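Below: query_35.cif (mmCIF, C-alpha atoms)
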```
data_upload
#
loop_
_atom_site.label_atom_id
_atom_site.label_comp_id
_atom_site.auth_asym_id
_atom_site.auth_seq_id
_atom_site.Cartn_x
_atom_site.Cartn_y
_atom_site.Cartn_z
CA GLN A 1 -45.76 45.14 80.38
CA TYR A 2 -45.32 45.09 76.60
CA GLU A 3 -48.28 42.72 76.37
CA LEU A 4 -50.28 45.25 78.37
CA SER A 5 -49.09 47.91 75.91
CA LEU A 6 -50.35 45.92 72.92
CA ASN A 7 -53.59 45.37 74.81
CA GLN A 8 -53.71 49.15 75.17
CA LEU A 9 -53.18 49.42 71.41
CA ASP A 10 -56.17 47.18 70.76
CA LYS A 11 -58.01 49.17 73.43
CA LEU A 12 -57.14 52.27 71.40
CA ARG A 13 -58.46 50.69 68.21
CA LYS A 14 -61.64 50.15 70.21
CA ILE A 15 -61.30 53.67 71.61
CA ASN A 16 -61.73 54.99 68.08
CA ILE A 17 -65.34 53.84 68.47
CA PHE A 18 -65.74 55.88 71.68
CA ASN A 19 -68.38 57.98 69.93
CA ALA A 20 -70.59 54.88 70.05
CA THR A 21 -72.12 54.24 73.47
CA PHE A 22 -75.91 54.08 73.19
CA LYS A 23 -75.28 52.57 69.74
CA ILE A 24 -77.75 49.97 68.48
CA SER A 25 -76.95 46.67 66.78
CA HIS A 26 -79.13 43.86 65.41
CA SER A 27 -79.84 40.78 67.52
CA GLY A 28 -82.31 38.09 66.50
CA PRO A 29 -85.37 39.33 64.61
CA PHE A 30 -85.11 42.77 66.23
CA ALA A 31 -82.45 45.40 66.92
CA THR A 32 -81.26 46.23 70.43
CA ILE A 33 -79.77 49.54 71.58
CA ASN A 34 -76.71 49.49 73.86
CA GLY A 35 -77.80 46.10 75.18
CA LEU A 36 -81.49 46.94 75.45
CA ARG A 37 -83.99 44.86 73.46
CA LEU A 38 -86.67 46.90 71.69
CA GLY A 39 -89.83 45.63 70.00
CA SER A 40 -91.87 42.49 70.65
CA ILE A 41 -92.93 39.62 68.39
CA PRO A 42 -95.80 37.09 68.57
CA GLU A 43 -93.49 34.52 70.17
CA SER A 44 -91.41 36.22 72.86
CA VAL A 45 -92.52 39.65 74.06
CA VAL A 46 -90.18 41.96 75.98
CA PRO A 47 -90.83 43.99 79.15
CA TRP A 48 -92.63 47.35 79.12
CA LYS A 49 -90.06 49.01 81.38
CA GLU A 50 -87.35 47.56 79.15
CA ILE A 51 -88.85 49.26 76.11
CA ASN B 1 7.64 17.30 89.34
CA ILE B 2 4.46 15.63 88.14
CA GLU B 3 2.70 17.45 90.97
CA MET B 4 4.09 20.82 89.87
CA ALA B 5 3.08 20.12 86.29
CA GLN B 6 -0.28 19.10 87.73
CA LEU B 7 -0.40 22.46 89.51
CA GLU B 8 0.24 24.41 86.32
CA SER B 9 -2.24 22.15 84.52
CA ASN B 10 -4.79 22.73 87.29
CA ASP B 11 -4.48 26.50 87.11
CA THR B 12 -4.64 26.25 83.32
CA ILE B 13 -7.73 24.04 83.45
CA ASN B 14 -9.46 26.31 85.97
CA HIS B 15 -8.74 29.54 84.08
CA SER B 16 -9.59 28.03 80.68
CA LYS B 17 -12.85 26.49 81.92
CA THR B 18 -13.83 29.70 83.71
CA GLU B 19 -13.10 31.83 80.64
CA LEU B 20 -14.82 29.45 78.21
CA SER B 21 -17.96 28.63 80.22
CA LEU B 22 -19.03 32.18 81.06
CA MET B 23 -17.34 35.30 79.67
CA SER B 24 -20.34 37.40 80.78
CA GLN B 25 -20.33 38.85 77.25
CA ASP B 26 -23.43 36.89 76.23
CA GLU B 27 -25.55 38.87 78.70
CA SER B 28 -24.72 42.13 76.92
CA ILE B 29 -26.98 41.20 74.00
CA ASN B 30 -29.99 40.52 76.23
CA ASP B 31 -29.11 43.69 78.13
CA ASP B 32 -29.16 45.78 74.94
CA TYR B 33 -32.38 44.17 73.73
CA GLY B 34 -33.88 44.61 77.19
CA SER B 35 -32.87 48.27 77.24
CA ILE B 36 -34.35 48.89 73.79
CA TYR B 37 -37.54 47.10 74.83
CA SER B 38 -37.51 49.26 77.96
CA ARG B 39 -37.34 52.40 75.83
CA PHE B 40 -40.10 51.15 73.52
CA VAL B 41 -42.24 50.34 76.54
CA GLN B 42 -41.55 53.62 78.34
CA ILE B 43 -42.52 55.40 75.12
CA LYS B 44 -45.55 53.48 73.84
CA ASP B 45 -47.14 52.84 77.25
CA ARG B 46 -46.96 56.50 78.28
CA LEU B 47 -48.16 57.57 74.83
CA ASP B 48 -51.18 55.26 75.05
CA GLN B 49 -51.64 56.44 78.64
#
```
So, in terms of structure tokens, how does the structure I just supplied come out?
Amino acid sequence: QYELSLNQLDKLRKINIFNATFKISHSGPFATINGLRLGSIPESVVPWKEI
Amino acid sequence: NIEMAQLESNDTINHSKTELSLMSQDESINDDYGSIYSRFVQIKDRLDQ
């Protein structure tokens, strides 16, 4: 139970970021938003409905 | 007479061994620590809840 409590503490430290949902990070050459790849290069293009 | 002395020695051995092996006092520490941990849990878990 205490382990679950500490896990809830870490989950709170992550809960401080709760404002970030749609938030975009950088993956590969491009930057993806909330797990959605945007932009297409000459090598591997992405889907239209994905964009 | 040796049997009577053996009786007294048997009672003595039994009582001494019983008192020395487990006095039940050692469990009080784990009980206190467990109670404190129970308070800390009942506090922190509900707070995080």
- To one decimal place, how far is atom CA of residue 32 of chain B from atom CA of residue 17 of chain B in Å? 26.2 Å
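Here atom CA of residue 40 of chain B is placed at a distance of 10.7 Å from atom CA of residue 1 of chain A.
Residues of chain B lying within 7 Å of chain A, counting only C-alpha atoms, are residues 41, 44, 45 and 48 of chain B.
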Restricted to C-alpha atoms, what would the selected residues look like written as an mmCIF file, in the frame of the given file?
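The result, stored in part.cif:
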```cif
data_model
loop_
_atom_site.group_PDB
_atom_site.id
_atom_site.type_symbol
_atom_site.label_atom_id
_atom_site.label_comp_id
_atom_site.auth_asym_id
_atom_site.auth_seq_id
_atom_site.Cartn_x
_atom_site.Cartn_y
_atom_site.Cartn_z
ATOM 1 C CA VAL B 41 -42.240 50.340 76.540
ATOM 2 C CA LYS B 44 -45.550 53.480 73.840
ATOM 3 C CA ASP B 45 -47.140 52.840 77.250
ATOM 4 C CA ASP B 48 -51.180 55.260 75.050
#
```
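You will find atom CA of residue 36 of chain A at 11.7 Å from atom CA of residue 48 of chain A.
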